[PDB]
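Next up: just one chain, as structure tokens, the form deposited in one PDB entry.
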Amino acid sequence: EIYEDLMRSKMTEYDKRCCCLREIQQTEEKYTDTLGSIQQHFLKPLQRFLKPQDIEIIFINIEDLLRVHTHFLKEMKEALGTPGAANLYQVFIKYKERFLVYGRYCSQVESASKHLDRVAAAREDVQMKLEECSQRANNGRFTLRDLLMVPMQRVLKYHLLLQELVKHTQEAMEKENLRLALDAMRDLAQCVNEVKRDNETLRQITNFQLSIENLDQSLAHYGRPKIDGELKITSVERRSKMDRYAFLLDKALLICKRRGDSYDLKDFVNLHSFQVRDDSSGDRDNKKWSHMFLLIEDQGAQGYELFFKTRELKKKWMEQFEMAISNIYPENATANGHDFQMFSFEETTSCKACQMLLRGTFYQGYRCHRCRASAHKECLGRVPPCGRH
């Protein structure tokens, strides 16, 4: 609604297509003005009244968004002015990676918002200056907390705006060219969403890190958490059921024992050399704690028996071990000479198969350690052969 209220102020295909071009322009004008409104009526006045570290946390990247969107609006207006806006698609494609600053924004939205509200709850002089700023900017129609939710909503709408314009473009050449911009804007929307998703994962990893004792390494090295919980376990050597707490991540299983407030790490299992084998024995009597599957070292060096309280739990853990092993060893990991392994990309990277961006901030995809080709899990079989021209 906030974005809809902000953007509030029988037909032929050409007439419908021209209405889409008008909406794209007018919404960008109103959007670029809103960034100017947040800067001139909230940022610059509060610079003289809050700490520069406070300024970086609440206003984040906004100053940079306004600069990117001022230039974007100009190059779009120039593209719209030319005959039949034939080169509009080029403006969207050019600004795609320039818009990746929305990654840095959307990640810290709750972080910047939460910070602002306590600041307002604590300082009495801040609370009414913000109420005065809302009046001078829009006559009390939109508050700052609501105004900071507008940039996330905007970057997520470009692909929807371009979807409609594509739907009404008659000329097949211009339609194909607009489809490329639609793909560039759908890719950007996915990156932004994957960034939000990854910070929650990293926040969850940080929490596990604190709760686990005698763990000498960062959990983040073992990928994404899959499932955690209590279970009973036996090994080739210890055939008596031991009550344990486990954390399953893509590359590891941490077998802990509750040592009061904390979980004490007892057994670290690298899933790179382990296989899961189902056991139907528990199905028959369906007695609590009888539901098992085996977790065996691929050369038979070790073999665990994992007991869950219910059949649903067993089924759920099994499915998560399969998903974890599939992530270590995806389909076609060794296709056409490669050796694709889970990789965390530090810089902006595109897939060697589809040319679309690797999404997120953490274990976004795969890297072949031999040729250094980067790729998404789905695109592995389609990457050109290892070490070629």
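Throughout, we count residues from 1 along the sequence that is shown.
Not on display, but discussed next: the form solved in complex with a small molecule.
In summary, among the residues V195, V119, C256, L253, the only one with a non-hydrogen atom within 4.5 Å of the small molecule in the deposited complex is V195.
Between the small molecule and the residues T32, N327, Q320, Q364, the one pair within 4.5 Å by heavy atoms in the deposited complex involves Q364.
The small molecule is not drawn, but in the deposited complex it has a heavy atom within 4.5 Å of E346. Contact between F293 and the small molecule in the deposited complex is not found at the 4.5 Å heavy atom cutoff. When the small molecule is considered in the deposited complex, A112 lies well away from it, no heavy atom lying within 4.5 Å. At the 4.5 Å threshold, heavy atoms of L100 reach the small molecule in the deposited complex. Screening 24-32, 351-359, 50-58, 332-340 for residues having heavy atoms within 4.5 Å of the small molecule in the deposited complex returns a single hit, 351-359.
Both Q127 and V101 are counted in one common rigid part of the motion between this form and the one not shown, based on the superposition that better accommodates each C-alpha.
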